[PDB]
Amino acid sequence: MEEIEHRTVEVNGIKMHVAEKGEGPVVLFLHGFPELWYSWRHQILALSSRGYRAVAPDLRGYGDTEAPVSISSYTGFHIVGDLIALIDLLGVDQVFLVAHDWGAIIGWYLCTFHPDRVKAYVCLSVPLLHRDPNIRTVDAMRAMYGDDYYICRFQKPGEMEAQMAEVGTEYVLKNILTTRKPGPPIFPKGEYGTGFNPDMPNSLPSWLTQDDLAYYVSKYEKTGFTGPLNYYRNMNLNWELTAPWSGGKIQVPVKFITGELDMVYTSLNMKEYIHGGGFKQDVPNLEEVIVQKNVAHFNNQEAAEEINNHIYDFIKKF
(Lines of atoms letter the chains of each structure in order from A and count residues from 1; the text may use other names and numbers.)
(Lines give C-alpha, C1' and ligand atoms only; values in the text may rest on other atoms or scores of the structure.)
Protein backbone atom coordinates (compact mmCIF):
# COMPACT_ATOMS: atom_id res chain seq x y z
CA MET A 1 0.00 0.00 0.00
CA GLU A 2 2.84 2.42 0.79
CA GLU A 3 4.07 1.53 -2.69
CA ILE A 4 1.05 3.17 -4.35
CA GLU A 5 1.99 6.55 -5.81
CA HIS A 6 -0.26 9.52 -5.16
CA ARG A 7 -0.37 12.71 -7.19
CA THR A 8 -2.66 15.55 -8.13
CA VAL A 9 -3.06 16.45 -11.77
CA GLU A 10 -4.89 19.21 -13.58
CA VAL A 11 -7.57 17.84 -15.87
CA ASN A 12 -10.59 19.52 -17.49
CA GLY A 13 -10.28 22.64 -15.34
CA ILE A 14 -10.15 20.74 -12.02
CA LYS A 15 -7.57 19.25 -9.67
CA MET A 16 -7.76 15.46 -9.43
CA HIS A 17 -6.18 12.98 -7.02
CA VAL A 18 -4.75 9.99 -8.88
CA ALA A 19 -3.48 6.80 -7.24
CA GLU A 20 -1.23 4.57 -9.32
CA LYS A 21 1.23 1.67 -9.33
CA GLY A 22 3.11 -0.44 -11.88
CA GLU A 23 4.25 -0.10 -15.49
CA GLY A 24 2.69 -1.39 -18.68
CA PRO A 25 -0.69 -0.99 -20.38
CA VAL A 26 -3.00 1.26 -18.35
CA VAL A 27 -5.75 -0.38 -16.35
CA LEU A 28 -8.08 2.46 -15.34
CA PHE A 29 -10.35 1.93 -12.32
CA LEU A 30 -13.47 3.98 -11.66
CA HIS A 31 -14.98 3.66 -8.15
CA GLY A 32 -18.61 4.22 -7.24
CA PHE A 33 -20.83 5.61 -4.51
CA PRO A 34 -20.05 6.22 -1.75
CA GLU A 35 -16.52 5.09 -2.36
CA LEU A 36 -13.04 6.31 -3.32
CA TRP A 37 -10.00 5.18 -5.26
CA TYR A 38 -9.32 3.17 -2.11
CA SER A 39 -12.08 0.68 -3.02
CA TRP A 40 -9.66 -0.61 -5.67
CA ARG A 41 -6.69 -1.19 -3.28
CA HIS A 42 -6.57 -5.01 -3.87
CA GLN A 43 -6.90 -4.64 -7.65
CA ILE A 44 -4.28 -1.92 -7.76
CA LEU A 45 -1.73 -4.16 -6.03
CA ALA A 46 -2.84 -7.28 -7.90
CA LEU A 47 -2.83 -5.96 -11.48
CA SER A 48 0.29 -3.94 -10.63
CA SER A 49 2.23 -7.16 -10.14
CA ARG A 50 1.09 -8.60 -13.51
CA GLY A 51 2.80 -6.10 -15.77
CA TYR A 52 0.14 -3.39 -15.89
CA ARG A 53 0.05 0.23 -14.81
CA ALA A 54 -2.90 0.50 -12.39
CA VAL A 55 -4.54 3.91 -12.20
CA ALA A 56 -7.37 4.76 -9.88
CA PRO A 57 -8.49 8.41 -9.49
CA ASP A 58 -10.92 9.91 -7.05
CA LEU A 59 -13.68 11.11 -9.37
CA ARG A 60 -14.94 14.68 -9.45
CA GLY A 61 -16.51 15.62 -6.11
CA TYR A 62 -14.82 12.71 -4.24
CA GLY A 63 -12.06 12.25 -1.69
CA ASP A 64 -9.05 14.33 -2.56
CA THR A 65 -10.32 15.40 -5.97
CA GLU A 66 -11.72 18.89 -6.30
CA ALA A 67 -15.46 19.25 -5.75
CA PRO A 68 -16.93 21.95 -8.02
CA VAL A 69 -19.62 24.00 -6.32
CA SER A 70 -22.59 23.82 -8.67
CA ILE A 71 -24.72 20.74 -9.18
CA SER A 72 -24.68 21.34 -12.93
CA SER A 73 -20.97 20.45 -12.94
CA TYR A 74 -21.77 16.76 -12.40
CA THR A 75 -23.20 15.55 -15.72
CA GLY A 76 -21.59 12.50 -17.27
CA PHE A 77 -20.10 14.87 -19.84
CA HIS A 78 -18.11 16.77 -17.21
CA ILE A 79 -16.93 13.56 -15.62
CA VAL A 80 -15.92 11.87 -18.86
CA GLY A 81 -14.20 15.17 -19.70
CA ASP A 82 -11.96 14.75 -16.63
CA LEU A 83 -11.15 11.15 -17.61
CA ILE A 84 -10.32 11.89 -21.23
CA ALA A 85 -8.01 14.63 -20.07
CA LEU A 86 -6.48 12.14 -17.58
CA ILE A 87 -5.89 9.45 -20.21
CA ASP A 88 -4.22 12.07 -22.41
CA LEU A 89 -1.97 12.92 -19.44
CA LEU A 90 -1.11 9.24 -19.07
CA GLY A 91 0.10 9.44 -22.66
CA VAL A 92 -1.59 6.28 -23.88
CA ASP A 93 -4.02 5.81 -26.77
CA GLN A 94 -6.06 3.08 -25.14
CA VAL A 95 -6.76 1.89 -21.61
CA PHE A 96 -8.29 -1.23 -20.17
CA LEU A 97 -11.32 -0.10 -18.19
CA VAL A 98 -12.55 -1.51 -14.89
CA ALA A 99 -15.44 0.23 -13.16
CA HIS A 100 -18.04 -0.24 -10.47
CA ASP A 101 -21.39 1.33 -9.57
CA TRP A 102 -21.41 5.07 -10.50
CA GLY A 103 -17.91 4.54 -11.89
CA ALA A 104 -19.42 1.99 -14.25
CA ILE A 105 -22.10 4.39 -15.46
CA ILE A 106 -19.30 6.88 -16.19
CA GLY A 107 -17.44 3.95 -17.76
CA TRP A 108 -20.38 3.32 -20.08
CA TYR A 109 -20.40 7.00 -21.10
CA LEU A 110 -16.69 6.84 -21.82
CA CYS A 111 -17.30 3.79 -24.06
CA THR A 112 -20.18 5.59 -25.74
CA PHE A 113 -18.21 8.75 -26.49
CA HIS A 114 -14.84 7.18 -27.20
CA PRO A 115 -14.89 3.45 -27.78
CA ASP A 116 -11.63 3.95 -29.69
CA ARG A 117 -9.84 4.62 -26.42
CA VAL A 118 -11.02 1.54 -24.50
CA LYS A 119 -9.47 -1.82 -25.44
CA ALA A 120 -11.75 -3.82 -23.16
CA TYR A 121 -14.01 -3.21 -20.18
CA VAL A 122 -14.57 -5.22 -17.00
CA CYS A 123 -17.82 -3.81 -15.71
CA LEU A 124 -18.94 -4.43 -12.14
CA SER A 125 -22.47 -4.18 -10.73
CA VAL A 126 -24.04 -1.78 -13.22
CA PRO A 127 -24.88 -2.75 -16.78
CA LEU A 128 -25.29 -0.16 -19.53
CA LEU A 129 -28.18 2.19 -18.80
CA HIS A 130 -30.43 1.47 -21.74
CA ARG A 131 -31.85 4.78 -22.95
CA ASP A 132 -35.61 4.40 -23.27
CA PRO A 133 -36.81 7.22 -25.57
CA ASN A 134 -40.22 7.23 -23.79
CA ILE A 135 -39.21 7.81 -20.18
CA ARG A 136 -36.39 9.57 -18.32
CA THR A 137 -34.11 7.50 -16.05
CA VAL A 138 -35.29 8.80 -12.65
CA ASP A 139 -38.92 9.03 -13.80
CA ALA A 140 -38.92 5.30 -14.58
CA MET A 141 -37.41 4.61 -11.15
CA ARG A 142 -40.06 6.67 -9.34
CA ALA A 143 -42.89 5.07 -11.33
CA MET A 144 -41.64 1.68 -10.16
CA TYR A 145 -40.69 2.35 -6.54
CA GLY A 146 -42.18 5.73 -5.60
CA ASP A 147 -40.69 8.75 -3.81
CA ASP A 148 -38.83 6.90 -1.08
CA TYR A 149 -36.65 4.98 -3.51
CA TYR A 150 -33.13 6.07 -2.63
CA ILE A 151 -32.35 7.62 -6.04
CA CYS A 152 -35.56 9.67 -5.85
CA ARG A 153 -34.66 10.67 -2.28
CA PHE A 154 -31.22 11.71 -3.47
CA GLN A 155 -32.73 14.31 -5.83
CA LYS A 156 -33.71 17.27 -3.62
CA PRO A 157 -30.60 19.38 -2.96
CA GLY A 158 -29.45 19.47 0.66
CA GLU A 159 -32.11 17.11 1.98
CA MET A 160 -30.21 13.82 2.06
CA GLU A 161 -27.09 15.63 3.25
CA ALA A 162 -29.16 16.83 6.21
CA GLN A 163 -30.65 13.37 6.86
CA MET A 164 -27.16 11.82 6.75
CA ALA A 165 -25.74 14.38 9.16
CA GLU A 166 -28.41 13.41 11.74
CA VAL A 167 -27.14 9.82 11.91
CA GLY A 168 -23.54 10.87 11.33
CA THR A 169 -21.00 10.13 8.59
CA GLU A 170 -19.54 6.92 10.04
CA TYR A 171 -23.00 5.44 10.45
CA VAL A 172 -23.91 6.21 6.83
CA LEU A 173 -20.74 4.60 5.51
CA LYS A 174 -20.99 1.48 7.73
CA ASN A 175 -24.73 1.17 6.95
CA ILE A 176 -24.07 1.21 3.20
CA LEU A 177 -20.85 -0.83 2.97
CA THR A 178 -22.07 -3.73 5.14
CA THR A 179 -25.49 -4.09 3.57
CA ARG A 180 -26.46 -7.44 2.07
CA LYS A 181 -30.17 -6.76 1.62
CA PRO A 182 -31.26 -7.46 -1.98
CA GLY A 183 -33.88 -5.39 -3.81
CA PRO A 184 -34.62 -1.65 -4.14
CA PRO A 185 -33.30 0.42 -1.24
CA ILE A 186 -36.44 2.18 0.04
CA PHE A 187 -35.86 4.68 2.84
CA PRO A 188 -38.18 5.43 5.76
CA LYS A 189 -40.17 8.66 5.38
CA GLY A 190 -38.57 11.97 6.28
CA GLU A 191 -35.28 10.56 7.59
CA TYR A 192 -32.32 8.22 7.04
CA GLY A 193 -33.01 5.16 9.25
CA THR A 194 -31.84 2.37 8.63
CA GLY A 195 -31.10 3.51 5.14
CA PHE A 196 -29.70 0.71 3.07
CA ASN A 197 -29.37 -1.78 5.91
CA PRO A 198 -32.03 -2.73 8.50
CA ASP A 199 -29.78 -5.58 9.77
CA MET A 200 -26.46 -3.84 10.45
CA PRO A 201 -23.81 -6.28 11.69
CA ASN A 202 -22.18 -6.16 15.09
CA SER A 203 -18.75 -6.80 13.65
CA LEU A 204 -17.59 -5.69 10.21
CA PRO A 205 -17.26 -8.44 7.59
CA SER A 206 -13.83 -9.93 7.02
CA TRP A 207 -13.30 -7.98 3.77
CA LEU A 208 -13.80 -4.61 5.53
CA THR A 209 -11.50 -3.96 8.52
CA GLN A 210 -12.08 -1.10 10.97
CA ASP A 211 -9.02 0.64 9.57
CA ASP A 212 -10.52 0.33 6.05
CA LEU A 213 -13.70 1.86 7.43
CA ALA A 214 -11.71 4.61 9.14
CA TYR A 215 -10.10 5.55 5.82
CA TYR A 216 -13.48 6.15 4.19
CA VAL A 217 -14.74 7.98 7.23
CA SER A 218 -11.80 10.37 7.43
CA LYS A 219 -12.22 11.23 3.74
CA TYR A 220 -16.02 11.69 3.91
CA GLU A 221 -15.84 13.74 7.11
CA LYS A 222 -13.66 16.15 5.13
CA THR A 223 -15.78 16.22 1.91
CA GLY A 224 -19.34 15.41 2.96
CA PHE A 225 -21.73 13.81 0.50
CA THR A 226 -22.80 16.64 -1.83
CA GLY A 227 -20.35 16.06 -4.68
CA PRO A 228 -21.15 12.31 -4.83
CA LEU A 229 -24.92 12.93 -4.51
CA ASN A 230 -24.76 15.41 -7.41
CA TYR A 231 -24.12 12.59 -9.92
CA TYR A 232 -27.59 11.27 -9.07
CA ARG A 233 -29.09 14.75 -9.40
CA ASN A 234 -28.01 14.83 -13.06
CA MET A 235 -29.40 11.47 -14.21
CA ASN A 236 -32.40 12.99 -15.97
CA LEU A 237 -30.16 15.67 -17.55
CA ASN A 238 -27.83 12.85 -18.67
CA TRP A 239 -30.82 11.14 -20.28
CA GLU A 240 -31.75 14.35 -22.15
CA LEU A 241 -28.21 15.09 -23.33
CA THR A 242 -27.62 11.56 -24.57
CA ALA A 243 -30.42 11.73 -27.15
CA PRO A 244 -27.70 11.65 -29.83
CA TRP A 245 -26.83 8.07 -28.77
CA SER A 246 -30.41 6.82 -28.69
CA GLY A 247 -30.73 3.34 -30.17
CA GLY A 248 -26.98 2.96 -30.52
CA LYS A 249 -24.66 0.11 -29.59
CA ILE A 250 -21.36 -0.20 -27.78
CA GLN A 251 -18.75 -2.30 -29.62
CA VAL A 252 -16.14 -2.38 -26.81
CA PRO A 253 -15.49 -5.94 -25.55
CA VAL A 254 -17.10 -6.33 -22.12
CA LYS A 255 -17.05 -8.77 -19.24
CA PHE A 256 -19.87 -8.21 -16.77
CA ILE A 257 -19.65 -9.27 -13.13
CA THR A 258 -22.17 -8.74 -10.34
CA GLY A 259 -22.73 -10.14 -6.88
CA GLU A 260 -25.89 -12.22 -6.70
CA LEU A 261 -27.20 -10.15 -3.79
CA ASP A 262 -26.32 -6.74 -5.29
CA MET A 263 -29.31 -4.41 -5.02
CA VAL A 264 -28.70 -3.37 -8.63
CA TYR A 265 -28.96 -6.96 -9.88
CA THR A 266 -32.10 -7.50 -7.80
CA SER A 267 -34.19 -4.49 -8.85
CA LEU A 268 -35.28 -2.31 -11.78
CA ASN A 269 -35.94 -5.36 -14.00
CA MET A 270 -32.17 -5.61 -14.23
CA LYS A 271 -32.17 -9.43 -14.50
CA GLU A 272 -34.43 -9.30 -17.54
CA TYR A 273 -32.12 -6.73 -19.14
CA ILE A 274 -28.96 -8.66 -18.31
CA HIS A 275 -30.15 -12.20 -19.13
CA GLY A 276 -33.07 -11.52 -21.47
CA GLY A 277 -31.07 -10.34 -24.47
CA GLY A 278 -31.31 -6.56 -24.10
CA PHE A 279 -27.83 -6.16 -22.60
CA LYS A 280 -26.25 -8.34 -25.33
CA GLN A 281 -28.24 -6.42 -27.95
CA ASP A 282 -26.90 -3.04 -26.80
CA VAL A 283 -23.45 -4.53 -26.21
CA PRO A 284 -22.74 -6.98 -29.11
CA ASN A 285 -19.25 -7.84 -27.83
CA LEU A 286 -20.36 -8.58 -24.30
CA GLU A 287 -18.42 -11.83 -23.88
CA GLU A 288 -19.63 -13.12 -20.54
CA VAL A 289 -21.95 -12.40 -17.63
CA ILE A 290 -20.82 -13.69 -14.22
CA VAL A 291 -23.05 -13.85 -11.15
CA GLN A 292 -21.13 -14.35 -7.91
CA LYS A 293 -22.88 -16.54 -5.35
CA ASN A 294 -23.35 -14.97 -1.89
CA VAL A 295 -21.56 -11.81 -2.90
CA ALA A 296 -23.34 -8.46 -2.53
CA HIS A 297 -22.86 -5.00 -4.08
CA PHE A 298 -19.20 -4.26 -3.28
CA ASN A 299 -17.92 -7.25 -5.19
CA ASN A 300 -14.39 -5.95 -5.86
CA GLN A 301 -13.81 -5.72 -2.14
CA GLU A 302 -15.92 -8.62 -0.86
CA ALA A 303 -14.68 -11.00 -3.58
CA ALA A 304 -11.36 -9.30 -4.10
CA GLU A 305 -9.18 -12.19 -5.28
CA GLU A 306 -11.79 -13.56 -7.71
CA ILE A 307 -12.22 -10.06 -9.17
CA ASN A 308 -8.44 -9.78 -9.54
CA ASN A 309 -8.28 -12.99 -11.60
CA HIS A 310 -11.42 -12.20 -13.59
CA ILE A 311 -9.82 -8.88 -14.58
CA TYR A 312 -6.47 -10.34 -15.52
CA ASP A 313 -7.96 -13.39 -17.29
CA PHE A 314 -10.01 -11.07 -19.49
CA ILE A 315 -7.53 -8.27 -20.25
CA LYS A 316 -4.68 -10.66 -21.15
CA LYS A 317 -6.76 -11.78 -24.17
CA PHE A 318 -5.94 -8.39 -25.76
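Residue positions are given as counts along the sequence shown, with the first one as 1.
Of the two segments, 31-39 and 49-57, the one listed with the higher mean B-factor is 49-57 (C-alpha atoms only).
Between 104-112 and 205-213, it is 205-213 that carries the larger average Cα temperature factor according to the deposited entry.
Ranking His130, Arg233, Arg136, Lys181 by the C-alpha B-factor listed in the PDB entry places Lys181 at the top. Reading the B-factor column for the CA atoms of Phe154, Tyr220, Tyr145, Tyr192 in the entry, the top value corresponds to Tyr192.
In this PDB entry, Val254 carries a Cα temperature factor that places it within the lowest third of its chain's modelled residues. The deposited CA B-factor of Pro228 belongs to the lowest third of values across its chain. Compared with the other modelled residues of the chain, the Cα B-factor recorded for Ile176 ranks in the highest third. Remark: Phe196 belongs to the highest third of its chain, ranked by C-alpha B-factor as recorded.
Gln94 sits in the highest third of its chain by CA B factor, as recorded in the PDB entry.
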